[PDB]
$ cat input_10.txt   # compact mmCIF, C-alpha atoms
# COMPACT_ATOMS: atom_id res chain seq x y z
CA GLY A 81 -21.42 4.19 6.67
CA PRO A 82 -17.69 3.47 6.14
CA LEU A 83 -16.34 6.05 8.59
CA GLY A 84 -12.85 4.57 8.36
CA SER A 85 -9.60 6.04 9.66
CA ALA A 86 -6.81 4.79 7.40
CA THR A 87 -4.34 7.65 7.83
CA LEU A 88 -2.20 6.92 10.88
CA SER A 89 0.89 9.02 10.18
CA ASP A 90 4.22 8.32 11.87
CA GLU A 91 3.38 10.26 15.02
CA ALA A 92 -0.29 9.28 14.82
CA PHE A 93 0.56 5.60 14.45
CA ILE A 94 3.47 5.71 16.90
CA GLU A 95 1.50 7.83 19.38
CA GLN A 96 -1.37 5.34 19.30
CA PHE A 97 0.92 2.31 19.31
CA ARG A 98 2.38 3.46 22.62
CA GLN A 99 -1.12 3.38 24.11
CA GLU A 100 -1.62 -0.23 22.99
CA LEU A 101 1.34 -1.56 24.95
CA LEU A 102 0.19 0.48 27.94
CA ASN A 103 -3.37 -0.77 27.46
CA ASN A 104 -2.39 -4.41 26.89
CA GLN A 105 -0.39 -5.88 29.77
CA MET A 106 0.06 -9.14 27.86
CA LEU A 107 1.27 -7.58 24.61
CA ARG A 108 3.79 -5.30 26.32
CA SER A 109 5.04 -8.13 28.55
CA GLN A 110 6.06 -9.96 25.38
CA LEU A 111 8.13 -6.94 24.31
CA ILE A 112 9.76 -6.46 27.72
CA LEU A 113 11.69 -9.66 27.04
CA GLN A 114 13.01 -8.38 23.70
CA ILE A 115 13.19 -4.79 24.97
CA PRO A 116 13.73 -4.69 28.77
CA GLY A 117 14.26 -0.92 28.59
CA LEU A 118 10.82 -0.51 27.03
CA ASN A 119 9.20 0.71 30.24
CA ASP A 120 11.70 3.55 29.97
CA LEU A 121 11.06 4.67 26.40
CA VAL A 122 7.31 4.33 26.91
CA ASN A 123 7.49 6.55 29.99
CA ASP A 124 8.92 9.23 27.67
CA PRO A 125 6.92 10.45 24.58
CA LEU A 126 9.78 12.06 22.65
CA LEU A 127 12.14 9.11 23.11
CA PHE A 128 9.46 6.52 22.35
CA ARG A 129 9.20 8.34 19.04
CA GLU A 130 12.89 8.81 18.26
CA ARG A 131 14.28 5.73 20.00
CA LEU A 132 11.53 3.35 18.78
CA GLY A 133 10.66 5.32 15.64
CA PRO A 134 12.69 3.25 13.12
CA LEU A 135 11.28 0.08 14.72
CA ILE A 136 7.57 0.92 14.61
CA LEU A 137 7.82 2.49 11.15
CA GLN A 138 9.63 -0.56 9.79
CA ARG A 139 6.27 -2.33 9.77
CA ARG A 140 4.18 0.50 8.31
CA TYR A 141 6.68 1.22 5.53
CA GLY A 142 8.03 -1.43 3.16
CA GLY A 143 6.98 -0.32 -0.32
CA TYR A 144 4.80 2.31 -1.98
CA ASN A 145 1.21 1.10 -2.21
CA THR A 146 -0.29 0.50 -5.65
CA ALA A 147 -3.19 -1.26 -7.37
CA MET A 148 -3.66 0.37 -10.77
CA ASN A 149 -5.33 -1.58 -13.58
CA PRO A 150 -3.16 -3.06 -16.41
CA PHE A 151 -5.41 -1.42 -19.00
CA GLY A 152 -4.10 1.92 -17.71
CA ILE A 153 -7.48 3.67 -17.39
CA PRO A 154 -9.09 5.99 -14.76
CA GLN A 155 -9.71 3.97 -11.60
CA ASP A 156 -13.35 4.96 -12.11
CA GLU A 157 -13.34 3.50 -15.61
CA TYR A 158 -11.85 0.10 -14.77
CA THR A 159 -14.63 -0.30 -12.20
CA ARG A 160 -17.26 0.20 -14.90
CA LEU A 161 -15.77 -2.55 -17.07
CA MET A 162 -15.56 -5.33 -14.48
CA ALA A 163 -18.85 -4.07 -13.04
CA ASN A 164 -20.53 -4.81 -16.37
CA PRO A 165 -18.21 -6.24 -19.08
CA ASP A 166 -21.27 -7.78 -20.76
CA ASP A 167 -22.60 -4.35 -21.74
CA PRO A 168 -22.37 -3.92 -25.58
CA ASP A 169 -20.64 -0.66 -24.68
CA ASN A 170 -18.06 -2.06 -22.27
CA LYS A 171 -17.08 -4.69 -24.83
CA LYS A 172 -15.86 -1.81 -27.00
CA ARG A 173 -13.67 -0.51 -24.18
CA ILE A 174 -12.23 -3.92 -23.34
CA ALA A 175 -12.00 -4.68 -27.06
CA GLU A 176 -9.86 -1.68 -28.05
CA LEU A 177 -7.84 -1.90 -24.83
CA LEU A 178 -6.58 -5.32 -25.91
CA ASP A 179 -6.08 -4.20 -29.50
CA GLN A 180 -3.46 -1.65 -28.46
CA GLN A 181 -1.49 -4.41 -26.76
CA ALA A 182 -1.63 -6.47 -29.95
CA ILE A 183 -0.24 -3.57 -31.97
CA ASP A 184 2.51 -2.88 -29.44
CA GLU A 185 3.29 -6.59 -29.29
CA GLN A 186 4.58 -6.33 -32.86
CA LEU A 187 7.15 -3.75 -31.77
CA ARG A 188 8.30 -6.00 -28.93
CA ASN A 189 9.35 -8.89 -31.16
CA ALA A 190 9.75 -6.65 -34.20
CA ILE A 191 10.22 -9.17 -37.00
CA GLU A 192 12.23 -6.38 -38.62
CA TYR A 193 15.71 -7.90 -38.80
CA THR A 194 16.99 -4.53 -40.01
CA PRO A 195 16.94 -1.75 -37.36
CA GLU A 196 18.61 0.69 -39.76
$ encode --input "input_10.txt" --output "C-alpha cells"
Amino acid sequence: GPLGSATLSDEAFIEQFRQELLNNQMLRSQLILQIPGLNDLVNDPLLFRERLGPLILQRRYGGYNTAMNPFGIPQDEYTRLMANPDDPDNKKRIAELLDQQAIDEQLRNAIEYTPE
C-alpha cells in the first residue's frame, strides 16, 4: 500500500539530511566548496542543527501548503463531483454551487448607484 512518510519535521528532516551528505561523497563535496567548514558542523549534531538550521529549513518552508477547491466544499465532496460529474445527482451539486456565484456576482458590480 501507500506506506508513505511525508512528515519530516525540522529535526527529522535536518537529522536525516546530515546523513545524506555523509552518505553521498559527491553531494557533500559540492557543498564543501560553498561551505568549507561543513565537515565541522556535520561532525557536531547540535551545531549542524543550529548553525545550518536556517539554511536547510529555507527549502522546506516557503509558504503554507494549500489545495482547497474553489467551490468551498468538504475535500471528500469535491472528489465525488469530479469523480462523477455526469451523475444526475452531482449535476445538482455543481449546478447550485455555480448559482451562488451568480448571485454574489450581482453584489460585486452592484448596479445600485445609490449605496445609501
$ residues_around --input "input_10.txt" --residues "region 174-184 of chain A" --least-positions-apart "2" --cutoff "10 Å" --atoms "all atoms listed in the file" --output "MDAnalysis selection string"
chainID A and resid 150:153 158 161:162 165 169:172 186:190
$ atom_distance --input "input_10.txt" --atom1 "CA of residue 128 (chain A)" --atom2 "CA of residue 142 (chain A)"
20.8 Å
$ closest_residue --input "input_10.txt" --among "A:163, A:130, A:149, A:191" --to "residue 91 (chain A)" --atoms "all atoms listed in the file"
A:130
$ atom_distance --input "input_10.txt" --atom1 "CA of residue 90 (chain A)" --atom2 "CA of residue 141 (chain A)"
9.8 Å
$ atom_distance --input "input_10.txt" --atom1 "CA of residue 156 (chain A)" --atom2 "CA of residue 173 (chain A)"
13.3 Å
$ axis_aligned_box --input "input_10.txt" --around "region 171-176 of chain A" --padding-each-side "3 Å" --output "JSON"
{"center_x": -13.5, "center_y": -2.6, "center_z": -25.7, "size_x": 13.2, "size_y": 10.2, "size_z": 10.7}
$ closest_residue --input "input_10.txt" --among "A:95, A:89, A:194, A:166" --to "residue 124 (chain A)" --atoms "all atoms listed in the file"
A:95
$ decode --input "input_10.txt" --residues "region 99-135 of chain A" --atoms "N, CA, C and O atoms" --output "mmCIF file, in the first residue's frame"
data_model
loop_
_atom_site.group_PDB
_atom_site.id
_atom_site.type_symbol
_atom_site.label_atom_id
_atom_site.label_comp_id
_atom_site.auth_asym_id
_atom_site.auth_seq_id
_atom_site.Cartn_x
_atom_site.Cartn_y
_atom_site.Cartn_z
ATOM 1 N N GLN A 99 22.736 12.907 7.231
ATOM 2 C CA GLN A 99 23.162 11.565 6.845
ATOM 3 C C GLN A 99 23.379 11.468 5.335
ATOM 4 O O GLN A 99 24.214 10.690 4.873
ATOM 5 N N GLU A 100 22.629 12.257 4.571
ATOM 6 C CA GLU A 100 22.767 12.236 3.117
ATOM 7 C C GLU A 100 24.172 12.683 2.718
ATOM 8 O O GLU A 100 24.878 11.976 1.999
ATOM 9 N N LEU A 101 24.570 13.858 3.191
ATOM 10 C CA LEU A 101 25.892 14.388 2.877
ATOM 11 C C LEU A 101 26.977 13.399 3.287
ATOM 12 O O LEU A 101 27.968 13.222 2.580
ATOM 13 N N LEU A 102 26.781 12.756 4.434
ATOM 14 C CA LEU A 102 27.750 11.786 4.930
ATOM 15 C C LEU A 102 27.690 10.499 4.113
ATOM 16 O O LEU A 102 28.681 9.775 4.005
ATOM 17 N N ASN A 103 26.522 10.215 3.543
ATOM 18 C CA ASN A 103 26.342 9.007 2.741
ATOM 19 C C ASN A 103 26.788 9.236 1.299
ATOM 20 O O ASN A 103 27.292 8.324 0.645
ATOM 21 N N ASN A 104 26.599 10.461 0.808
ATOM 22 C CA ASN A 104 26.983 10.808 -0.563
ATOM 23 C C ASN A 104 28.254 11.653 -0.570
ATOM 24 O O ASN A 104 28.234 12.823 -0.189
ATOM 25 N N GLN A 105 29.357 11.051 -1.001
ATOM 26 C CA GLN A 105 30.632 11.758 -1.053
ATOM 27 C C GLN A 105 30.622 12.824 -2.146
ATOM 28 O O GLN A 105 31.307 13.842 -2.037
ATOM 29 N N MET A 106 29.851 12.582 -3.201
ATOM 30 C CA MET A 106 29.772 13.528 -4.309
ATOM 31 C C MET A 106 28.940 14.751 -3.931
ATOM 32 O O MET A 106 29.343 15.887 -4.178
ATOM 33 N N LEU A 107 27.776 14.511 -3.338
ATOM 34 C CA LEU A 107 26.894 15.601 -2.939
ATOM 35 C C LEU A 107 27.613 16.538 -1.966
ATOM 36 O O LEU A 107 27.697 17.743 -2.196
ATOM 37 N N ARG A 108 28.125 15.972 -0.880
ATOM 38 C CA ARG A 108 28.830 16.760 0.125
ATOM 39 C C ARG A 108 29.968 17.563 -0.502
ATOM 40 O O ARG A 108 30.106 18.758 -0.250
ATOM 41 N N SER A 109 30.786 16.895 -1.309
ATOM 42 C CA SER A 109 31.920 17.552 -1.952
ATOM 43 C C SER A 109 31.500 18.855 -2.630
ATOM 44 O O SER A 109 32.259 19.825 -2.648
ATOM 45 N N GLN A 110 30.296 18.875 -3.189
ATOM 46 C CA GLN A 110 29.801 20.061 -3.863
ATOM 47 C C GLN A 110 29.512 21.177 -2.860
ATOM 48 O O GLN A 110 29.578 22.359 -3.197
ATOM 49 N N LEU A 111 29.189 20.793 -1.629
ATOM 50 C CA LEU A 111 28.884 21.768 -0.584
ATOM 51 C C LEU A 111 30.161 22.266 0.092
ATOM 52 O O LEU A 111 30.214 23.400 0.569
ATOM 53 N N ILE A 112 31.184 21.420 0.134
ATOM 54 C CA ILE A 112 32.448 21.800 0.763
ATOM 55 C C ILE A 112 33.011 23.064 0.118
ATOM 56 O O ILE A 112 33.685 23.857 0.774
ATOM 57 N N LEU A 113 32.731 23.246 -1.169
ATOM 58 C CA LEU A 113 33.222 24.419 -1.886
ATOM 59 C C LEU A 113 32.481 25.676 -1.435
ATOM 60 O O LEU A 113 33.080 26.743 -1.298
ATOM 61 N N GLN A 114 31.178 25.543 -1.206
ATOM 62 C CA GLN A 114 30.362 26.674 -0.768
ATOM 63 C C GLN A 114 30.379 26.789 0.753
ATOM 64 O O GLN A 114 30.086 27.846 1.311
ATOM 65 N N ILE A 115 30.722 25.686 1.420
ATOM 66 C CA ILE A 115 30.777 25.656 2.883
ATOM 67 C C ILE A 115 31.964 24.816 3.348
ATOM 68 O O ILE A 115 31.796 23.693 3.820
ATOM 69 N N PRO A 116 33.153 25.340 3.218
ATOM 70 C CA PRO A 116 34.402 24.628 3.628
ATOM 71 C C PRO A 116 34.331 24.091 5.061
ATOM 72 O O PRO A 116 34.847 23.012 5.353
ATOM 73 N N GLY A 117 33.702 24.856 5.950
ATOM 74 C CA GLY A 117 33.586 24.452 7.350
ATOM 75 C C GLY A 117 32.405 23.513 7.572
ATOM 76 O O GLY A 117 31.886 23.413 8.683
ATOM 77 N N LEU A 118 31.984 22.821 6.519
ATOM 78 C CA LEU A 118 30.864 21.891 6.631
ATOM 79 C C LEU A 118 31.275 20.659 7.431
ATOM 80 O O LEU A 118 30.545 20.207 8.314
ATOM 81 N N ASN A 119 32.447 20.122 7.115
ATOM 82 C CA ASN A 119 32.951 18.942 7.805
ATOM 83 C C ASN A 119 32.932 19.156 9.315
ATOM 84 O O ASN A 119 32.904 18.200 10.089
ATOM 85 N N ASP A 120 32.957 20.420 9.722
ATOM 86 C CA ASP A 120 32.950 20.760 11.141
ATOM 87 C C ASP A 120 31.541 20.664 11.715
ATOM 88 O O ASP A 120 31.307 19.958 12.696
ATOM 89 N N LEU A 121 30.609 21.383 11.102
ATOM 90 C CA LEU A 121 29.226 21.376 11.565
ATOM 91 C C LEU A 121 28.655 19.961 11.537
ATOM 92 O O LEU A 121 27.972 19.540 12.471
ATOM 93 N N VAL A 122 28.940 19.232 10.464
ATOM 94 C CA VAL A 122 28.447 17.866 10.331
ATOM 95 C C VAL A 122 28.957 16.994 11.476
ATOM 96 O O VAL A 122 28.217 16.175 12.020
ATOM 97 N N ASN A 123 30.224 17.174 11.835
ATOM 98 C CA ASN A 123 30.822 16.395 12.915
ATOM 99 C C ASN A 123 30.072 16.615 14.226
ATOM 100 O O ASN A 123 30.119 15.775 15.125
ATOM 101 N N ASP A 124 29.376 17.749 14.330
ATOM 102 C CA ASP A 124 28.611 18.077 15.536
ATOM 103 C C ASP A 124 27.105 18.027 15.223
ATOM 104 O O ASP A 124 26.674 18.603 14.231
ATOM 105 N N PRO A 125 26.298 17.357 16.022
ATOM 106 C CA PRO A 125 24.828 17.263 15.762
ATOM 107 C C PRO A 125 24.076 18.541 16.142
ATOM 108 O O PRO A 125 23.222 19.014 15.393
ATOM 109 N N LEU A 126 24.387 19.082 17.314
ATOM 110 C CA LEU A 126 23.721 20.291 17.792
ATOM 111 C C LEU A 126 23.988 21.471 16.857
ATOM 112 O O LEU A 126 23.064 22.175 16.449
ATOM 113 N N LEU A 127 25.255 21.687 16.527
ATOM 114 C CA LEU A 127 25.625 22.792 15.649
ATOM 115 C C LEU A 127 25.000 22.616 14.266
ATOM 116 O O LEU A 127 24.401 23.547 13.728
ATOM 117 N N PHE A 128 25.136 21.423 13.694
ATOM 118 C CA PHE A 128 24.568 21.167 12.376
ATOM 119 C C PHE A 128 23.109 21.602 12.349
ATOM 120 O O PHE A 128 22.591 22.020 11.315
ATOM 121 N N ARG A 129 22.450 21.503 13.499
ATOM 122 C CA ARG A 129 21.054 21.891 13.601
ATOM 123 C C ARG A 129 20.925 23.404 13.713
ATOM 124 O O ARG A 129 20.216 24.033 12.933
ATOM 125 N N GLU A 130 21.600 23.982 14.698
ATOM 126 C CA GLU A 130 21.538 25.424 14.912
ATOM 127 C C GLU A 130 22.240 26.193 13.793
ATOM 128 O O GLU A 130 21.642 27.060 13.156
ATOM 129 N N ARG A 131 23.516 25.893 13.580
ATOM 130 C CA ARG A 131 24.299 26.586 12.561
ATOM 131 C C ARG A 131 23.677 26.470 11.166
ATOM 132 O O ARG A 131 23.531 27.474 10.468
ATOM 133 N N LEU A 132 23.332 25.250 10.745
ATOM 134 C CA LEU A 132 22.755 25.039 9.407
ATOM 135 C C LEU A 132 21.240 24.818 9.462
ATOM 136 O O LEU A 132 20.662 24.254 8.535
ATOM 137 N N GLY A 133 20.598 25.275 10.531
ATOM 138 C CA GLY A 133 19.151 25.115 10.646
ATOM 139 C C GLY A 133 18.429 26.038 9.668
ATOM 140 O O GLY A 133 17.644 25.583 8.839
ATOM 141 N N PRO A 134 18.679 27.320 9.753
ATOM 142 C CA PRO A 134 18.033 28.326 8.857
ATOM 143 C C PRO A 134 18.260 28.024 7.373
ATOM 144 O O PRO A 134 17.453 28.406 6.530
ATOM 145 N N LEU A 135 19.369 27.355 7.060
ATOM 146 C CA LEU A 135 19.692 27.033 5.672
ATOM 147 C C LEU A 135 18.848 25.868 5.155
ATOM 148 O O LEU A 135 18.233 25.958 4.092
#
